[PDB]
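Quick notes on the structure that follows.
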2 protein chains.
Amino acid sequence: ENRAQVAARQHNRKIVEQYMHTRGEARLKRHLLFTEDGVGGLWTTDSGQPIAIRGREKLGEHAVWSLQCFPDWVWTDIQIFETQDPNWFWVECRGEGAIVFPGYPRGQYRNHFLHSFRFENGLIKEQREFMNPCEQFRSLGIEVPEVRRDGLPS
Amino acid sequence: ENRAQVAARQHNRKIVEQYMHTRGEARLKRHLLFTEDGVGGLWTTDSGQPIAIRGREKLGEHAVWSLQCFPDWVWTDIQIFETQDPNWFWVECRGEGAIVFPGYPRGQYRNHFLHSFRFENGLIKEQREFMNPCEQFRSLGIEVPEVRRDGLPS
Ligand SMILES: O=C(c1ccc(OCCN2CCCCC2)cc1)c1c(-c2ccc(O)cc2)sc2cc(O)ccc12
Ligand SMILES: O=C(c1ccc(OCCN2CCCCC2)cc1)c1c(-c2ccc(O)cc2)sc2cc(O)ccc12
């Protein structure tokens, strides 16, 4: 059992590293790192509900959209965390690039991210990214509300 | 080396468990889980800058404010992740409780959280919590902006 777990963790880490380093046109093939029913998405949005992209066909379509709306995106400062579950990794990183959203001015978007990767049979079954949406609001020119801090100790 | 790493990870895990289960008046003593120069705080805020509380004395003072502002806070759905670093843990969980911020109506706040715990010599050197601030805005009656999604594939 231990040999199987160690083997799974070392392979899975290679997939996480490949995912994090996928840039440019190679993003069009990143759905091949997922299971056929694999899910990937953004868990932190304005609405409070995740934007989850389900299955390889939809994952490949999102990649096409992502090459237009995040054309030069890169992950930086990547720190990969293995866990006690050989099939579950976390990654802390930053991301940055142009943001080209329909109906908004072209901007520059930078944020801090956490990613969760869960594996099944050597491929990603579930990828989730978590960030602070206020920074994406700022990149799009959307006003961010401010919590009033006068009564809070500082 | 392996003996020392295994011992560190087992002890540190117990501290993470104790931290996550601390509620009520026991919150007043939770700063004793930190190093004298330990830091804890919220890394995801409206301003984009962390709210970091530095040093055991200030951590103890924030606990007094925390018991006023979040009088019945509970962490739920706790999943603790050990990592390859025996001194670094991540936690995925939910949190809920009344929110009683100065000058806002009393609310009920629920959110999903990620926590990072870094240890030094048996105590927490750095705790950081990450969430979606839009859910805290909702709990305070603050309007959340909406990204227009008409041009995005759905
Ligand atoms: O910026 C995004 C977004 C960014 C990345 C996403 O997923 C990243 C993970 N990735 C998805 C498939 C490929 C591999 C994993 C999802 C939404 C937002 C949106 C989006 C983008 C494209 C699309 O077709 C539908 C909705 S909508 C939105 C609202 C917000 O408040 C914040 C971000 C957003
Ligand atoms: O909700 C918080 C907040 C909550 C928890 C925080 O820290 C958590 C860690 N802390 C130290 C270690 C032990 C546990 C408490 C910090 C800010 C926000 C604020 C706060 C609360 C109390 C205070 O005295 C000063 C500022 S201000 C603010 C603005 C936002 O956009 C979001 C949250 C907030």
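By convention here, the chains of the structure tokens are called A, B, ... in the order presented, each chain's residues are numbered starting at 1, and ligands are numbered starting at 1 in the order presented.
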- Message: as a list in words, please: the residues near residue 123 (chain A) (cut-off 9 Å, only C-alpha atoms, same-chain neighbours under 2 positions excluded).
- Response: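 Neighbouring residues, sequence-local ones excluded: residues 12, 15, 32, 33, 34, 35, 38, 118, 119, 120, 121 and 125 of chain A.
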Next, dump the selected residues to file, keeping only C-alpha atoms, as an mmCIF file, in the first residue's frame.
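Output saved as again.cif:
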data_model
loop_
_atom_site.group_PDB
_atom_site.id
_atom_site.type_symbol
_atom_site.label_atom_id
_atom_site.label_comp_id
_atom_site.auth_asym_id
_atom_site.auth_seq_id
_atom_site.Cartn_x
_atom_site.Cartn_y
_atom_site.Cartn_z
ATOM 1 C CA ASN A 12 0.711 13.401 -9.418
ATOM 2 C CA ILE A 15 1.124 16.599 -13.328
ATOM 3 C CA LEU A 32 -5.672 16.228 -21.339
ATOM 4 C CA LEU A 33 -4.372 16.498 -17.762
ATOM 5 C CA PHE A 34 -7.954 15.886 -16.552
ATOM 6 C CA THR A 35 -10.092 12.794 -16.324
ATOM 7 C CA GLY A 38 -12.753 16.110 -14.601
ATOM 8 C CA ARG A 118 -7.510 16.132 -6.536
ATOM 9 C CA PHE A 119 -6.441 13.133 -8.643
ATOM 10 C CA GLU A 120 -7.957 9.899 -9.878
ATOM 11 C CA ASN A 121 -5.903 7.272 -11.760
ATOM 12 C CA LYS A 125 -10.423 14.865 -11.216
#
- Residues of chain A within 9 Å of chain B, using only C-alpha atoms, as a ChimeraX atom specification? /A:43-48,61-62,65,81-85,89-90,101-104,114,130-135,137,140,142-153
Grab the residues selected above and save them as a compact mmCIF listing (two decimals), in the first residue's frame with C-alpha atoms.
# COMPACT_ATOMS: atom_id res chain seq x y z
CA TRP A 43 -14.35 28.89 -6.51
CA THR A 44 -14.33 32.55 -5.43
CA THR A 45 -16.59 34.89 -7.43
CA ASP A 46 -18.84 37.89 -6.91
CA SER A 47 -21.93 35.73 -6.71
CA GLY A 48 -20.56 33.39 -4.07
CA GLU A 61 -13.69 25.19 -24.89
CA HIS A 62 -12.81 27.27 -21.85
CA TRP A 65 -11.85 31.52 -24.38
CA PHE A 81 2.27 21.25 -1.21
CA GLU A 82 1.95 17.49 -1.13
CA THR A 83 -0.40 16.19 1.57
CA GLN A 84 -1.05 13.01 3.50
CA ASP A 85 -3.43 12.10 0.68
CA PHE A 89 -2.23 18.72 -3.57
CA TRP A 90 -2.42 22.41 -2.77
CA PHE A 101 -13.04 40.73 -20.72
CA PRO A 102 -15.95 41.43 -23.04
CA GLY A 103 -17.38 44.86 -22.47
CA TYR A 104 -14.63 46.05 -20.11
CA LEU A 114 -4.53 28.99 -3.90
CA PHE A 130 -9.33 30.51 -4.79
CA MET A 131 -8.49 34.18 -4.87
CA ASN A 132 -9.72 37.58 -3.67
CA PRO A 133 -12.24 38.78 -6.29
CA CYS A 134 -11.70 42.41 -5.22
CA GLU A 135 -8.41 42.39 -7.12
CA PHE A 137 -12.80 43.96 -9.74
CA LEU A 140 -11.74 45.59 -14.64
CA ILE A 142 -15.14 48.03 -11.08
CA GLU A 143 -15.49 49.96 -7.81
CA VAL A 144 -14.72 47.86 -4.76
CA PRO A 145 -16.75 48.64 -1.63
CA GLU A 146 -14.91 49.53 1.51
CA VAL A 147 -15.74 48.24 4.93
CA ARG A 148 -15.81 51.17 7.33
CA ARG A 149 -13.04 50.66 9.88
CA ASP A 150 -13.43 53.64 12.21
CA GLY A 151 -14.77 51.62 15.09
CA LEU A 152 -12.37 48.75 14.63
CA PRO A 153 -9.14 48.79 16.61
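Between residue 37 (chain B) and the candidates B:24, B:10, B:127, B:141, the tightest atom-to-atom separation, counting only C-alpha atoms, involves B:127.
Of the listed residues B:31, B:139, B:86, B:39, the one whose atoms come nearest to residue 9 (chain B) is B:86, with distances taken using only C-alpha atoms.
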- Message: Using Å and a single decimal, report how far atom 4 (C, counted along the ligand's line) of ligand 2 sits from CA of residue 56 (chain B).
- Response: 16.6 Å
- Task: Quick one: pick out all strand (DSSP E or B) residues within chain B from a backbone DSSP run and write them as a PyMOL selection string.
- Result: chain B and resi 34-42+51-54+74-81+88-99+107-120+123-130
- Tell me, which residues of region 5-148 of chain A carry DSSP alpha helix (DSSP H), written as an NGL selection string? :A and (5-20 or 56-69 or 133-139)
Expected file: the selected residues, C-alpha atoms, as an mmCIF file, in the first residue's frame:
data_model
loop_
_atom_site.group_PDB
_atom_site.id
_atom_site.type_symbol
_atom_site.label_atom_id
_atom_site.label_comp_id
_atom_site.auth_asym_id
_atom_site.auth_seq_id
_atom_site.Cartn_x
_atom_site.Cartn_y
_atom_site.Cartn_z
ATOM 1 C CA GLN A 5 0.861 5.755 -2.370
ATOM 2 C CA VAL A 6 4.416 6.994 -2.857
ATOM 3 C CA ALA A 7 4.221 6.186 -6.581
ATOM 4 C CA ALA A 8 0.913 8.011 -6.936
ATOM 5 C CA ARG A 9 2.210 11.081 -5.151
ATOM 6 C CA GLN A 10 5.363 11.374 -7.280
ATOM 7 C CA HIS A 11 3.410 11.043 -10.528
ATOM 8 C CA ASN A 12 0.711 13.401 -9.418
ATOM 9 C CA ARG A 13 3.279 16.039 -8.453
ATOM 10 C CA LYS A 14 4.638 15.934 -12.001
ATOM 11 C CA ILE A 15 1.124 16.599 -13.328
ATOM 12 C CA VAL A 16 0.671 19.547 -10.913
ATOM 13 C CA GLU A 17 4.005 20.978 -12.049
ATOM 14 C CA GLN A 18 3.047 20.546 -15.712
ATOM 15 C CA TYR A 19 -0.296 22.222 -15.094
ATOM 16 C CA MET A 20 1.213 25.214 -13.332
ATOM 17 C CA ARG A 56 -13.033 17.540 -21.177
ATOM 18 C CA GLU A 57 -15.110 19.090 -23.977
ATOM 19 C CA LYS A 58 -16.110 22.033 -21.852
ATOM 20 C CA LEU A 59 -12.610 22.221 -20.423
ATOM 21 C CA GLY A 60 -11.152 22.474 -23.923
ATOM 22 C CA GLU A 61 -13.695 25.194 -24.893
ATOM 23 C CA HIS A 62 -12.808 27.272 -21.847
ATOM 24 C CA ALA A 63 -9.139 27.087 -22.876
ATOM 25 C CA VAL A 64 -10.025 28.735 -26.204
ATOM 26 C CA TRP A 65 -11.851 31.517 -24.379
ATOM 27 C CA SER A 66 -8.961 31.831 -21.861
ATOM 28 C CA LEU A 67 -6.446 32.395 -24.653
ATOM 29 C CA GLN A 68 -8.462 35.440 -25.708
ATOM 30 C CA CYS A 69 -9.370 36.859 -22.318
ATOM 31 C CA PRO A 133 -12.237 38.783 -6.288
ATOM 32 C CA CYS A 134 -11.703 42.413 -5.215
ATOM 33 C CA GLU A 135 -8.413 42.391 -7.122
ATOM 34 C CA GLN A 136 -10.195 41.198 -10.302
ATOM 35 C CA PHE A 137 -12.798 43.959 -9.745
ATOM 36 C CA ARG A 138 -9.915 46.497 -9.648
ATOM 37 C CA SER A 139 -8.379 45.108 -12.890
#
- Could you state the separation of atom 12 (C, counted along the ligand's line) of ligand 1 and CA of residue 116 (chain B) in Å, given to one decimal place? 25.3 Å
- residue 74 (chain B): which residues within 8 Å, counting only C-alpha atoms, same-chain residues fewer than 4 positions away excluded, as a PyMOL selection string? chain B and resi 21+23+95-97
Mind dumping the selected residues with N, CA and C atoms as an mmCIF file, in the first residue's frame?
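Output file selection.cif follows:
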data_model
loop_
_atom_site.group_PDB
_atom_site.id
_atom_site.type_symbol
_atom_site.label_atom_id
_atom_site.label_comp_id
_atom_site.auth_asym_id
_atom_site.auth_seq_id
_atom_site.Cartn_x
_atom_site.Cartn_y
_atom_site.Cartn_z
ATOM 1 N N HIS B 21 -10.491 24.157 16.785
ATOM 2 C CA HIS B 21 -11.602 23.838 17.650
ATOM 3 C C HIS B 21 -11.805 24.848 18.770
ATOM 4 N N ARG B 23 -13.143 27.911 20.656
ATOM 5 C CA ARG B 23 -14.327 28.741 20.533
ATOM 6 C C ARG B 23 -14.661 29.295 21.894
ATOM 7 N N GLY B 95 -16.725 28.633 8.127
ATOM 8 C CA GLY B 95 -16.841 29.375 9.383
ATOM 9 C C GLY B 95 -18.204 29.992 9.420
ATOM 10 N N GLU B 96 -18.789 30.137 10.589
ATOM 11 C CA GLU B 96 -20.065 30.823 10.690
ATOM 12 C C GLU B 96 -20.249 31.461 12.053
ATOM 13 N N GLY B 97 -21.009 32.536 12.068
ATOM 14 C CA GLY B 97 -21.394 33.189 13.306
ATOM 15 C C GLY B 97 -21.979 34.558 13.072
#
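For the pair CA of residue 27 (chain B) and atom 30 (C, counted along the ligand's line) of ligand 2, the interatomic distance is 20.9 Å.
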